[PDB]
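Single-structure report; data block below.
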Amino acid sequence: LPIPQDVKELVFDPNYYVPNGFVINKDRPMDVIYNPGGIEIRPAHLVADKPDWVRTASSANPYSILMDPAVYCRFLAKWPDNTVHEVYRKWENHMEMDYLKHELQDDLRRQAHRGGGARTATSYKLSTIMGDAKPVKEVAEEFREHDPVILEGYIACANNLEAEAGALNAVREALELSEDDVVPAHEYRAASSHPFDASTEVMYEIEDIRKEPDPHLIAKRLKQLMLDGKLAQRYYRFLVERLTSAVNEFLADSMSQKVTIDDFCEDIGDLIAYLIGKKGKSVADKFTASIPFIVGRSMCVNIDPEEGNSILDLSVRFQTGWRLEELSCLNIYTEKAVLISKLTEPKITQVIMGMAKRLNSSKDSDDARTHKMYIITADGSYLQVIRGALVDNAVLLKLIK
Amino acid sequence: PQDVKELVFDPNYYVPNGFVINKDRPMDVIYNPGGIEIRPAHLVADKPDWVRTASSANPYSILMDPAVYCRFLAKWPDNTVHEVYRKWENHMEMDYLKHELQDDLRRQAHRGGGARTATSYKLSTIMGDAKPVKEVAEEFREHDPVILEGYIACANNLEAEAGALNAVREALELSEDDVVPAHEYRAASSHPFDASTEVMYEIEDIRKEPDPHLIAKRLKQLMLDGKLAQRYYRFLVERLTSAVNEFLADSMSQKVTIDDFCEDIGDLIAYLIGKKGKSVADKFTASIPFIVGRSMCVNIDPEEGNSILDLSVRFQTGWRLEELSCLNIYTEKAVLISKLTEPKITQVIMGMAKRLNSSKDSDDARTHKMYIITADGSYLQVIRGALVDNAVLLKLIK
């Protein structure tokens with residue numbers, strides 16, 4: 001009878017409140033649930049493609065929360081004001097929900113993402129043990145399944161599959177594993193090189209521009225390098241489009257802003273002034289503080305006289321034995337990024353914390369400013385570990401599409 | 001005026017009440033009876049109400065010579081935006097507009113002037129039909145466009161460009177101070193597969209299958225039987241879905257999108273038959289071999305390992321993007337190449353297409369993308385347009 005005001009107050013019983021004209025499905029009791037005040041609770045997978053059932057990012061919960069699908073079921077609750085909130089109900093607490101679970105395991109569309117029959121997520125045996133990672137040297141020296149490991153050095157990659165193959169070969173060589181042994185979840189570093197035919201002094205100048213804390217100075221100095229003929233327009237435009245793409249990515253995902261810039265070197269000052277004026281001071285200060293991270297990711301310069309100077313795409317990647325639909329519910333497909341809370345499985349928080357600590361151990365923590373962060377599921381999904389601006393110290397996983 | 005051809009290019013031809021013509025910038029706004037309003041394209045590039053309206057007569061933008069024609073957008077009372085290209089030599093009063101495009105602070109990254117150089121080397125601005133490198137080298141003035149042999153292993157665009165430049169320099173025995181001609185080459189990138197050779201051959205056979213339903217069924221069945229790992233199946237399905245969506249958005253101008261190829265290709269075919277007619281669906285089905293060949297090109301090498309190839313034929317020109325085309329290349333998804341386009345670009349494209357079709361069973365034409373790379377580094381993919389018969393489009397890669 002009482003009307004719930006928030007998520008926790010909702011009653012999980014199809015027979016608790018039954019309005020006129022609604023017939024409860026006998027074999028599908030959980031398909032729709034009604035609560036007083038007009039609250040509609042439906043399984044998320046049954047309303048994934050409906051435009052009127054998208055999560056509402058608000059001040060309290062601007063981010064969709066990541067929870068374990070094997071333990072929790074994700075419902076969407078729609079209120080009279082059309083605000084859609086996540087609800088997470090434990091599988092063991094409500095037995096009458098079991099069929100929904102079976103749906104997610106046995107639908108034709110989810111066969112590409114879930115186990116069953118002769119399906120194998122990987123061409124090899126990938127361990128499902130998760131937790132903190134350890135250096136691969138001590139793991140090899142100690143040797144049961146291997147614990148998650150860390151590979152030293154770097155892996156040169158042309159694409160994602162090349163990086164994964166190199167990482168798998170590195171783990172197999174470090175642990176002296178066979179083709180049939182169960183390889184563990186692993187942490188590694190990936191580098192992609194884009195050669196630059198520019199003078200070494202120009203490379204040093206762009207490198208020093210990267211370390212500049214003032215974005216206006218960064219843009220002015222890069223454009224001045226372009227205008228003097230020191231940097232070819234091809235390479236300048238390449239760097240500019242990379243900076244623009246990274247800035248737009250940070251604005252869209254990390255800050256949840258609908259604002260985009262066409263090109264960095266002419267519009268970074270305008271964007272910062274806009275963030276001063278329309279979005280308040282604090283949002284602009286956090287954007288400015290994250291500007292070094294964006295510029296380090298986009299404009300990392302490698303200067304080696306042997307094989308030539310280049311621009312680096314640097315990342316740290318944690319390959320887990322869990323599939324995307326075993327690590328996450330279906331919201332990972334419907335949201336730009338998912339927040340990691342206390343209710344989230346502690347092991348993913350542990351792996352992300354270990355990755356962050358290893359990034360911060362570099363000189364001046366510069367690696368944390370120049371490396372992207374990824375968790376690769378067994379079935380090949382990439383989840384970039386990014387920072388969230390709407391919540392302090394918020395860590396997000398963004399599915400790479 | 002009832003037509004684009006009937007537009008009067010005179011600011012003083014029709015002056016509405018309350019409007020004052022700027023003496024220093026008279027070409028900014030043009031008024032024509034009925035409410036037709038013509039403005040330069042680069043003054044209205046950021047306005048959401050100044051986007052070209054694709055119709056039956058002109059479904060695509062037109063690639064043009066920026067040094068010969070100036071782009072203007074004409075807005076009609078029914079909110080339809082059309083293109084008008086007006087020659088520089090026919091209007092002196094438009095000259096300042098040209099200077100703007102040459103001297104704007106924003107455009108300094110794309111145009112010449114001062115000490116700006118598009119490339120770190122000297123690249124010839126001679127376009128035309130390309131010739132095999134050996135005869136051109138043995139013949140030796142600036143070189144004519146050149147064709148290289150083999151494939152350049154590339155990890156990214158910059159690596160491919162560097163490899164092509166090195167190949168041209170070595171084959172034409174050019175020094176660092178010599179002018180390098182525009183050159184056509186081939187690029188190949190490999191995504192390794194930890195799949196059995198039999199499964200790879202089955203995937204290759206599925207690629208040649210003309211029925212998309214059979215492609216989906218056979219690939220899904222390979223996944224479900226455990227012969228194809230879910231990781232590689234999802235990789236291939238992601239590539240197929242991306243390619244199908246790209247073909248729909250670019251080649252067919254269709255807003256329809258799919259999420260999984262092997263799950264929704266039949267639904268997409270049924271939707272195209274039901275709502276778009278048999279002709280559109282048949283066009284998509286006939287293009288299916290090209291899409292599947294580009295997405296699932298299978299390389300089987302017992303030494304280097306089996307892989308999925310991204311194959312392309314790229315012609316590096318000496319002209320910058322803003323010296324090859326107007327600013328429409330930034331606004332439109334793709335631009336159509338007509339008889340009004342510079343004949344050199346069409347010559348290059350037909351040469352690349354002919355060299356593609358010279359392969360056995362025209363197989364390369366089904367597995368290769370085509371690119372024109374400008375001097376300052378823009379990539380223009382040559383695609384086919386389903387809205388006009390034999391329509392060639394250049395799509396700026398962003």
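Convention: sequence-line order gives letters A, B, ...; per-chain numbering from 1. The figures that follow rest on heavy atoms only: side chains count, while hydrogens, waters and symmetry mates do not.
Between chain A and the options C262(B), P192(B), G305(B), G377(B), the largest number of non-hydrogen pairs under 4.5 Å is found for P192(B). Your options are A118(A), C157(A), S192(A), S199(A), and the one with the most heavy-atom pairs under 4.5 Å with chain B is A118(A). Comparing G116(A), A158(A), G229(A), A121(A) by heavy-atom pairs within less than 4.5 Å of chain B, the highest count is held by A121(A).
Among all heavy-atom pairs drawn from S193(A) and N156(B), the shortest one is O-ND2, 2.9 Å.
Within the model, atoms CG of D46(B) and CG of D262(A) stand 6.0 Å from one another, a figure rounded to the nearest 0.5 Å. Distance check, rounded to the nearest 0.5 Å: NZ of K227(B) to OG1 of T120(A) gives 13.0 Å. To the nearest 0.5 Å, the span separating CD on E161(B) from CG on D197(A) amounts to 11.5 Å. With rounding to the nearest 0.5 angstrom, the OG atom of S307(B) is 9.0 Å from the CD atom of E162(A).
Under the 4.5 Å side-chain criterion, counting only non-hydrogen atoms from C-beta, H113(A) is in contact with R234(B). Considering only heavy atoms from C-beta on, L224(B) comes within 4.5 Å of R119(A) through its side chain. Contact of the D104(B) side chain with the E266(A) side chain is not registered, since no non-hydrogen atoms from C-beta on lie closer than 4.5 Å. Residues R231(B) and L161(A) meet the side-chain proximity criterion, which asks for heavy atoms closer than 4.5 Å. Taking 4.5 Å as the limit, every side-chain heavy atom of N160(A) sits out of range of all side-chain heavy atoms of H191(B). You'll find the side chain of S123(A) stays beyond 4.5 Å of the side chain of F193(B), heavy atoms only.
Contacts of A378(A) with chain B are made by backbone atoms alone, with heavy-atom separations under 4.5 Å and no side-chain atom involved. Of the atoms belonging to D228(A), it is backbone heavy atoms, and not side-chain ones, that fall under 4.5 Å from chain B. Looking at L126(A), neither its backbone nor its side chain comes within 4.5 Å of chain B, counting heavy atoms on both sides. Looking at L165(B), neither its backbone nor its side chain comes within 4.5 Å of chain A, counting heavy atoms on both sides. Only the side chain of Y232(B) comes within contact range of chain A, judged by heavy atoms closer than 4.5 Å. Heavy-atom distances place both the backbone and the side chain of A112(A) under 4.5 Å from chain B. Both the backbone and the side chain of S378(B) come within less than 4.5 Å of a heavy atom in chain A.
Taking a 6.0 Å sphere around CD of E201(A), one finds it holds more than 12 heavy atoms contributed by other residues, nucleotides or ligands. Counting non-hydrogen atoms of neighbouring residues, nucleotides and ligands closer than 6.0 angstrom, the NZ atom of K278(A) reaches no more than 12 such neighbours. Counting non-hydrogen atoms of other residues, nucleotides and ligands closer than 6.0 Å to CD of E170(B) gives a total of 12 or fewer. The 12-atom threshold is not exceeded at NZ of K217(B), counting heavy atoms of other residues, nucleotides or ligands nearer than 6.0 Å. No more than 12 heavy atoms of other residues, nucleotides or ligands lie within 6.0 Å of CD in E304(B), so this atom counts as exposed by the packing criterion. Within a 6.0 Å sphere centred on OH of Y204(A), other residues, nucleotides and ligands contribute 12 heavy atoms or fewer.
The pair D260(B)-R110(A) does not count as a salt bridge, with every side-chain nitrogen at least 4.0 angstrom from each carboxylate oxygen.
At distances below 3.5 Å, not a single donor-acceptor pair connects side-chain atoms of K220(B) with backbone N or O atoms of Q111(A). Looking only at distances, no side-chain donor or acceptor of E241(A) sits under 3.5 Å from a matching main-chain atom of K398(B).
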